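We place every Cβ from the backbone using ideal geometry, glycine too, and count neighbours over all the protein chains shown. FYI, it's all coordinate maths here, none of it is from the lab.
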Amino acid sequence: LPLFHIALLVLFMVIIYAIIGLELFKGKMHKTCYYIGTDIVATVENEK
Amino acid sequence: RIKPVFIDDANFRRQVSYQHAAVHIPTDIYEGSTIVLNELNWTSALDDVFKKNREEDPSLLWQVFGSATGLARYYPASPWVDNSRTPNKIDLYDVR
Amino acid sequence: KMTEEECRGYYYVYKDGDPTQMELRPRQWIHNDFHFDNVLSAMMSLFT
Amino acid sequence: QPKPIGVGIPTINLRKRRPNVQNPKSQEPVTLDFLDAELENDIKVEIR
């Protein structure tokens with residue numbers, strides 16, 4: 001019963017940061033390093 | 001190892017050495033197991049038969065003993081077409 | 001390979017899990033980084 | 001001739017072939033039937 005206001009303060013910080021990130025980084029992480037003329041994404045041993 | 005002399009021949013469009021027999025071991029088989037080093041120890045008695053077969057009929061092409069451990073001992077000695085990693089083409093040849 | 005006498009030589013790895021796209025790698029008997037051999041190593045591991 | 005016997009039509013996928021992965025070449029024998037090396041009559045079948 002007492003943890004109400006803190007949860008209501010977290011629910012709006014998540015909502016504010018979601019909208020900020022939606023403004024700034026929307027549709028930016030969509031290109032990557034493919035092999036030339038291929039659909040095999042190029043990485044190294046431990047690189048995601 | 002052995003550093004062979006490798007004259008160049010016809011009847012084999014490559015360079016062969018009639019002095020000893022060459023050995024092929026699959027790439028993913030260690031040469032240095034106890035099983036492999038025991039096949040290389042008793043197959044060394046084949047080279048006299050290899051040579052005698054070849055001297056009775058000089059028109060004879062490869063002679064090979066392909067062993068059940070992966071080895072292939074052939075005569076006359078001649079470098080394998082593919083070094084596994086010295087060029088970027090690795091070879092998958094298993095005698096079995 | 002399960003003992004150090006077997007873990008010698010080379011072996012094939014398959015990229016993307018494809019049986020026709022392989023690479024040679026020397027195989028080596030590797031020790032973990034946080035192991036439990038002595039009590040100092042066990043204590044480091046338990047710390048992490 | 002000194003070339004492998006072909007089966008079907010070949011279809012390669014460029015977009016799935018890494019540049020340096022050493023795909024195997026061939027191991028099949030050259031088994032060319034008799035009635036596929038000449039024109040096939042009803043008499044050549046009986047000779048065969």
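Per residue of B:79-85, other chain Cβ atoms within 10 Å of the residue Cβ number 1 on average. When both the stretch B:17-87 and the stretch C:31-48 are represented by their alpha-carbon centers, they are found 48 Å apart. Loop-resident chymotrypsin sites (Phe, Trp or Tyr not before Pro) (DSSP state other than H, G, I, E or B) in the stretch B:32-74 with no more than 16 further Cβ atoms inside 10 Å of their Cβ: B:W62.
State which entries of D:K3/D:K44; A:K48/C:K15; C:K15/D:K16; B:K89/D:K25; A:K28/A:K48 exceed 19 angstrom in Cα-Cα distance in the structure shown. Intermediate values should be presented prior to the final figure.
On the way: D:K3/D:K44 25 Å; A:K48/C:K15 14 Å; C:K15/D:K16 12 Å; B:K89/D:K25 11 Å; A:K28/A:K48 17 Å.
Beyond 19 Å between Cα atoms: D:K3/D:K44.
Taking trypsin sites (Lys or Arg not before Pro) across the stretch B:1-74, the ones in a DSSP loop with at most 15 further Cβ atoms lying within 10 angstrom of their Cβ are B:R1, B:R13, B:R14.
How large is the helix-only mean residue ellipticity at 222 nm for chain D, computed as the sum of -39500 (n - 2.57) over DSSP H runs with n ≥ 4, divided by its residue count, in deg cm²/dmol to the nearest 500?
-2000 deg cm²/dmol
Sorting B:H24, C:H35, A:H5, A:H30 from the fewest to the most surrounding beta carbons within 10 angstrom yields A:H30, A:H5, C:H35, B:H24. Highest average first, the peptides D:25-32, B:81-88 ordered by how many other beta carbon atoms sit within 10 Å of their residues are B:81-88, D:25-32.
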